[PDB]
Amino acid sequence: XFXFXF
Amino acid sequence: XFXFXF
Amino acid sequence: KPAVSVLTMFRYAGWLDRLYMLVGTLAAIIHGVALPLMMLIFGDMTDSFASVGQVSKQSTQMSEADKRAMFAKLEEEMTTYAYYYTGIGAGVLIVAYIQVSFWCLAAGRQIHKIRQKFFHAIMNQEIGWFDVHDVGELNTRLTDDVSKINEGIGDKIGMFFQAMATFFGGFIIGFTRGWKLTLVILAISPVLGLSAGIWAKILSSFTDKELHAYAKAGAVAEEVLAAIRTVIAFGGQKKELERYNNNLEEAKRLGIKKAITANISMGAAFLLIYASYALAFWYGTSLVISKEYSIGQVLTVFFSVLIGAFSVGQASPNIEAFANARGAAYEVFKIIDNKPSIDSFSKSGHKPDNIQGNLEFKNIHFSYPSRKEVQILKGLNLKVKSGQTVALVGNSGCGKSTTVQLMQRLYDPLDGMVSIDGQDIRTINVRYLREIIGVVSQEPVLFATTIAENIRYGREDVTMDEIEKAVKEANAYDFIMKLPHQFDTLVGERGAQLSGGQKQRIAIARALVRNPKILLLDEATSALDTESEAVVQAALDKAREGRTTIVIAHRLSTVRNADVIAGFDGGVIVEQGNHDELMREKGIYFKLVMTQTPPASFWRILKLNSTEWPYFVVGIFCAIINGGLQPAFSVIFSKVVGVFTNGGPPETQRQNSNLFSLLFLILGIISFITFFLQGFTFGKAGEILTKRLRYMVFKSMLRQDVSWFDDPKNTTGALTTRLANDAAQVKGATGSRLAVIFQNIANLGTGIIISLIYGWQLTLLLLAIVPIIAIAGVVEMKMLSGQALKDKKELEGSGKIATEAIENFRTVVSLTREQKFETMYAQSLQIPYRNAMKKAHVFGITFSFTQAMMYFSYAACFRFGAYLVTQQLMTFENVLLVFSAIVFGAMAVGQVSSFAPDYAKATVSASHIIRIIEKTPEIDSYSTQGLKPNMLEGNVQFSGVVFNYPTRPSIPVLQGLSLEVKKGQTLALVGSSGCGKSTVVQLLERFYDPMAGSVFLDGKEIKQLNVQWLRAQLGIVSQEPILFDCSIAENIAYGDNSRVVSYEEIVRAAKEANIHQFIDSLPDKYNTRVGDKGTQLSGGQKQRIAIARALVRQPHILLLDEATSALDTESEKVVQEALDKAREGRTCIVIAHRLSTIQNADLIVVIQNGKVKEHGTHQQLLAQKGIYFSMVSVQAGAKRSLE
């Protein structure tokens, strides 16, 4: 969700 | 609301 | 730069405001703390699945037994956690609303007061204060700076404290859950901050460089499009296009270089982020294997600290917001705190009754606030008796008006005193003083509202009866009554523009309603038509007789009846007395008496860059691979924690976490290759078409004829701007944005495929939630702009009445009724105020709704992820994967909404750029058609020509003009005035085709002739020749294109033009640069060069257009010598304004109203007695007179 993928 | 800031 | 104390800025906030701010910032800090607590629980969830994940896989013996304890633990735990999340949601909802609403309320409430107080302060200023300041800047300062202050004290503070709270809270939780990972996550922070710095330093430097490249081409473009007629005449279009093309050729190279570097930088930054991010997590795992940290704790501290870290970067902008606001508030408050000497909003001083109006000026020295530079009034003495009327007269300096200026106490005198009746003027109240004095000014002004209201600006309390009597006593009743709407008719700058005398009469009526004891008339009769002057003079005389009066004007018709006349010299009063006395005095008065006796949305735009089939497929394939690479970052992170949660026997774990953490980076490095690619392919593709477009735009701009360049709609600047912008804009739409969109749809697509195939209905659920919060996010921004636009429209009205008030201010102070504009301004503001109250109500709801929806969504996530899904054989590791994948698909989709306006702007900009190309002229220089005659000898036939300029089809320049000139003889052209003389030269160049009639040269009609070949045979020389920046030899070689001119040839031409004195004298000689870049020359040299390029072409027709126009002394002589030597071997048409130099001409032709009036040799026109004789006599009388 930050900036990779979570 | 995950990990950046939302 | 100057700032304001934090406390003084808020001085208008009290009671409820401070309360709102307190509860607001409180709720803000709560809202802030809320998020990192969310990540705290998230570690507790992992621990729950971790405890069961280990034990579930640790059995490998019993099955059913694991269906009891595990499911119960998950039951209670997941229910607890879900309950908590649901708990957080309501909290963030409430506190969000409280925060934004309260802060916006406070902001509005304050800014209202700021505006009112500020305008009041503006109005309260003395005139001396205005004299030194720009009103426009002041009004714009009002409207803009108050808005800055608004932005400063607004919800931005709440956001700031909230961010600081997430910062502290995040680092608090981070530290308390453990020190090591936090310090390790702090260890990377300098490395990240540096990578962002390299990101910044490159932009500031290269953005300037990018502007510099087009400034070199733009110079060519500008000088060319400025020289358009010259380049058209000499037909050097291909050359200019070539130069511009070369400059573009350089520009694109610089562009692709910048693209390469930028892409490399971005890629490297992304790599560092990937590397550090993965590294910290690897260390995390290394700490979990040691059983030093729980697997969930790692996540908690990790995310909490990174949150806390970014919070700073997210916080910083709100500092600058509050910072700017103080700076803006400084100059604003400066005027509000400023207390003047004069006031006039004050209630103080005496208000005398039964004023007889005995006025005296005693020893008054004064200067306006130009101060020591000039002192206009040196001493003074004047009296005017009660009921009398004094008239002031003077030659210049307008010291006359100064008395009227001082009598209103607009300024206090330097030394001396103005005394109304017995009392000093300064002892009596200002407002009352202004009210007992009526004023009529040279230029009258009418505020925009009904006539009655303008008459009502004399006194607020009045009835239409008094208005009627007032205008009737001013004899303005008739003229206005004849007008429609009666008293309700409109006046102002906009609409119903009336005669000056009428406006003056209305002004006198307005002044007459004031029923003043004192009357001041300054040049009210002056600057007006003589007929209405008497009409208004009647009023002016009727306005007196109840009053004492001081009158000033240039009209000595109105002075005679004055009781006393007063002359001034150098600020010194000299002559005073009745008319006969002053005429007997034979002084200044007598002296003056004797002296005066379109959208375009197409893939057509893309069809142009279809020139490159490759460079796109590469970027899209690469960006789709990147789009397929993006969710892979999630799949690992899922299985990293997934396998670690699903681990079972520990022995195999530490070996796997090393295989993922490796791979975790492997997708990173490969991201460098793909990111750099899709940026580079799209970049290089961007710079090339920018060359193609601008090359195609510029080219077609040289196709258009003079008709299009004369248009007021198209000017050099506007053309260069239109040239730069559109080409700059289309690049953005075909550029990175598209690649990112494809990357994001590919991202969400691969993500949703994986998520959908893994989670059954786990993903289908999210896909119900996510598009809603995204769309809920977009609709919020729509309401924000809607309320923004509507608010701009309402304050636009209040700022309009403000501009009206402070622009005409020197008048309103004279009429007082500033309180009127105060009240009107307030009433104008009242509507935006109630609007700002609703704004806070809305801003809070839309914000809290979008926050709550994201927290509630996060509840439904793990709730469905747990329970129904986890009670089934479906697993946690997949849940964690799906959330990641989907939510990132969403955050990637957000960039679709963010990038929306670029295409629109680029569409509007791509609209013009196709139209400009597809537009065709009447006369195109490019056509290869036309005769190209073989015969050298030129004649010229003008027959019955009628011409009106396309720009001004009202007054015709040429009507039925008819000329003829044989070869090798000069045609002199004389005219009363106008472009008629030049229009011949313009038409022979065929800049225009005439409305009716026709023109021939060899007997062929030029209309059917080849334009280029036609223009190639002409020797045009203008008034002020423009020379492009380049070697003078290149300026001379410009005379002949399609072929390179020889040195000895431009030498011969330079010899024929007598410029050789200069060229051999210069250090660089023929290589010297001219055009103001490298050298400066006077008009003579420039003209001689123009002659050189004219006759290097070896034309059969020389055209000299007022060549000697700007010139002097011997320069005219030598240039005329050159021009004279230039002709006599060729056909020629000379319109020059020196008729002494036309005395030798084969044919002289007098133009009249477009028709040839007189024509013949000099001695024939001289034998005749008529226009030409007068033309010659008048200017010939000058040379004889100069002796």
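Every number in this text was worked out from the coordinates using simple rules, so none of it is lab data. Positions of Cβ are generated from backbone atoms using ideal geometry, with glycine treated the same way; all protein chains shown enter the neighbour counts.
Treating only the Cβ atoms of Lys and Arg (+1) and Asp and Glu (-1) as charged, compute the dipole magnitude of the protein assembly as shown about its Cα centre; round to the nearest 20 debye. Intermediate results must be reported in sequence, preceding the final value.
Details: 121 positive and 108 negative charges, 227 e Å.
Roughly 1100 debye, rounded to the nearest 20.
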Q: Report the dimensions of chain C along its three principal axes from the alpha-carbon atoms, largest first, rounded to Å.
A: 135, 99, 57
Q: Count, for each residue of C:850-860, the Cβ atoms from other chains sitting within 10 Å of its Cβ, then give me the mean as a whole number.
A: 1
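Dipole magnitude of segment C:349-597 about its Cα centre, charges +1 at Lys/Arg Cβ and -1 at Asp/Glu Cβ only, in debye to the nearest 20? Please report the intermediate quantities before stating the final value.
On the way: 31 positive and 32 negative charges, 81 e Å.
The calculation lands at about 380 debye.
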Q.
For C:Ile1148, what residues show an amide H to amide H distance below 5 Å, using hydrogens built from the backbone and excluding near sequence neighbours?
A. C:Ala972, C:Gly1160, C:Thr1161, C:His1162
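Looking at chain C only, what percent of DSSP beta bridges run antiparallel? Nearest 5 please.
Numbers: 34 of 67 bridges.
Antiparallel bridges: around 50 percent, rounded to the nearest 5.
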Q) Where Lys and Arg each count +1 and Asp and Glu each count -1, what net charge lies around C:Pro921 among other residues with Cβ under 15 Å from its Cβ? A) 0
Q. C:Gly997's amide H: which non-local residues (gap 5+, or another chain) put their own amide H closer than 5 Å, with H modeled 1.01 Å from N in plane and none for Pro or chain starts?
A. C:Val946
(Q) With only alpha-carbon atoms in the gyration tensor, what are the semi-axes of the equivalent ellipsoid for segment C:169-231, in Å, largest first? (A) 56, 10, 4
(Q) For Cα pairs less than 8 Å apart in space and 6+ apart in sequence, what is the mean separation divided by the residue count of segment C:349-597, i.e. the relative contact order in percent? (A) 27
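Within the set of other residues whose C-beta is less than 13 Å from the C-beta of C:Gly1083, count the net charge using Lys and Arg as +1 and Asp and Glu as -1. Please report the intermediate quantities before stating the final value.
Values: positive: C:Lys1086, C:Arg1088; negative: C:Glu1024, C:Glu1106, C:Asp1112, C:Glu1114, C:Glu1116.
Summing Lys/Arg as +1 and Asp/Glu as -1 gives -3.
For segment C:930-1187, what does the relative contact order come out to in percent, with C-alpha contacts under 8 Å and a separation of six or more? Show your work: numbers first, answer last.
Values: 460 pairs, mean separation 67.4, N = 258.
Computed value for segment C:930-1187: 26 percent relative contact order.
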Q.
Skipping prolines and chain starts, which residues have an amide H placed within reach, meaning under 5 Å, of the one on C:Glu964, given they are 5 or more residues away or on another chain?
A. C:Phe942
Q.
With just the Cα atoms defining each centre, how far is segment C:11-78 from segment C:996-1014? Give it in Å.
A. 90
Q.
Under a Cβ-only charge scheme (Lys and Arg +1, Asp and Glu -1), can you give me the dipole magnitude of chain C about the Cα centre, in debye to the nearest 20?
A. 1100
Q) Counting only other chains, what is the mean number of Cβ atoms within 10 angstrom of the Cβ of each residue in peptide C:298-307? A) 2
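Could you state the per residue volume, in Å³, of the convex hull enclosing the Cα atoms of segment C:930-1187? Provide the component values of the computation, followed by the final result.
Working: hull volume 36.3 nm³, N = 258.
Per-residue hull volume (Cα only) is 141 Å³.
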Q | Among C:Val812, C:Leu789, C:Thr870 - extreme Cα towards positive end, dipole of segment C:763-884, charges at beta-carbon | A | C:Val812
**Q.** Whole-Hz couplings from phi, Karplus 6.51/-1.76/1.60, listed for segment C:605-622; x for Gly and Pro
**A.** 4, 7, 4, 7, 7, 4, 3, 9, 5, x, 6, 10, 3, 4, x, 6, 4, 4
Q.
Using a Cα-Cα cut-off of under 17 Å, which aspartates and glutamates could be cross-linked to C:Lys932, ignoring same-chain neighbours fewer than 8 residues away?
A. C:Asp924, C:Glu989, C:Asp1002, C:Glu1005, C:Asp1040
Q) How many percent of DSSP beta bridges within the protein assembly as shown run antiparallel, rounded to 5? A) 50
Q: Count, for each residue of C:277-283, the Cβ atoms from other chains sitting within 10 Å of its Cβ, then give me the mean as a whole number.
A: 1
**Q.** ³J(HN,Hα), Karplus 6.51/-1.76/1.60, whole Hz, each residue of segment C:1170-1182, x for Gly, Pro
**A.** x, 3, 4, 4, 5, 3, 6, 4, 4, 7, 6, x, 6
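Over 30 Å between Cα atoms, which of C:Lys1/C:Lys792; C:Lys351/C:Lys400; C:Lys339/C:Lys469 qualify? Please list the in-between numbers first.
Details: C:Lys1/C:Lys792 27 Å; C:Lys351/C:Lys400 27 Å; C:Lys339/C:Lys469 40 Å.
As for pairs spanning more than 30 Å Cα to Cα, those are C:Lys339/C:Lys469.
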Q) Per-residue HN-Hα couplings for segment C:86-94, Karplus 6.51 cos²θ - 1.76 cosθ + 1.60 at θ = phi - 60°, whole Hz, x for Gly and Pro? A) 3, x, 4, x, 4, x, 4, 3, 3
Q: Calculate the length of the line joining the C-alpha centroid of segment C:250-313 to that of segment C:1089-1141, in whole Å.
A: 75
Q | Antiparallel %, DSSP beta bridges [both residues in segment C:930-1187], to 5 | A | 55
Q: State the answer as a single residue: which of C:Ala280, C:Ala262, C:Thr300 lies farthest towards the positive end of the charge dipole of segment C:223-302, with beta carbon charges of +1 for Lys and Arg and -1 for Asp and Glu, about the Cα centre.
A: C:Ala262
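Net charge near C:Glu242: determine it from the other residues with C-beta under 11 Å of the C-beta of C:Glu242, scoring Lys and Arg +1 and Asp and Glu -1. Mind showing how you got there, number by number?
Values: positive: C:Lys238, C:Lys239, C:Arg243, C:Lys699; negative: C:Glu240, C:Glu249.
So the surrounding residues net to +2.
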